[PDB]
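Only one chain is given next, in structure tokens, and it is the form deposited in one PDB entry.
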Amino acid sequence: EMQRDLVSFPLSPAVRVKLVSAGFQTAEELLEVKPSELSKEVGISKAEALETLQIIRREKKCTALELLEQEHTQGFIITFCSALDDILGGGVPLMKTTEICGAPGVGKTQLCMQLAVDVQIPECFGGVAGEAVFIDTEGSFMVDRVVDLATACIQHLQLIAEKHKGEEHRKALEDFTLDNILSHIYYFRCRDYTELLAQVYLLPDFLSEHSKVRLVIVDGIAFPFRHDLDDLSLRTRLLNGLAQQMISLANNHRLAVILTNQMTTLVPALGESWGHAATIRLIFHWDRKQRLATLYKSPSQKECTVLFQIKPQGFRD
């Protein structure tokens, strides 16, 4: 019969020390222990006894086939660029962490606004019909640009709907108006990295309240850490923790987590270990005054560089 060590459970360090000093090495020896008996023997308080009993007695197994069906039903956030959609497997994937690395002024924030617009696209139009959460740390989230992108997306959906000749498309676009799009983008302004960490901690509760959010964007994860943080070890710890928080949020709440990152001197910033954080990595870079998107790391598509551009209509090929 298996034995689960208390060091494995998220018990209080002081409570774990007192429980093993009392002699509880494995949690199996506490399931039948009453909370009053536990507190009288170990010496921890009543609340601590109740909490540790809850924790020890607390401890989804979806097969890869069910995961594939989820991936098919949970549509990718279409990027409106055919090349990136092809090399991202249909767009920015849900339940994944994408990292848009690049030099300043290459089009990372334009992509973030485009995705925030494209999440509200209805399901019958290939979208996910969800809200977007924007976490802007660089102070570059321009509302006029996202309004223009929303207008262009609405026109594109109108064109494809009236090419389809379908009443369901018209009904689904009826609530897909500019006011709804701008009311479906929950924007946070994290002034510094402690604000960002606090907002990432509050994101699970916010999304439990807002159950229809499908995208979370961190417009600049390099900015709050490369500035006002002179400790490299602390930066590494905070980045690892925040990366785990973002991936956990994306998978638990069926999201896509975009993370914009700056370039350092060529190579993505925030250390080489941070390259292990995001599931997908897209470097946006300039070649002869023309924009190329490179799929540096992706667990589903081969590395390949494609052509894209920014137009008044938004994020095009």
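Whichever C-alpha set is largest while still superposing within 1.5 Å between the two forms counts as the rigid core. In case it trips you up, residue 1 is the first one in the sequence shown, and so on.
What follows is about the form deposited in another entry, which we do not show.
Only one of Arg191, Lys212, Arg237, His72 has its Cα shifted by 2 Å or more between this form and the one not shown after fitting on the core, and that residue is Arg237. Remark: with the core as the superposition reference, the CA shift of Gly90 between this form and the one not shown stays below 2 Å. With a cut-off of 2 Å and the rigid core superposed, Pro224 has a Cα displacement that reaches or exceeds the cut-off between this form and the one not shown. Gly166 shows a C-alpha shift of 2 Å or greater between this form and the one not shown [criterion: core-superposed Cα displacement of 2 Å]. Relative to the displayed conformation, the Cα-Cα distance from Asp118 to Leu239 grows by 3 Å or more in the other form. Wider separation of the C-alpha atoms of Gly107 and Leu239, by 3 angstroms or more, is seen in the other form than in the present form.
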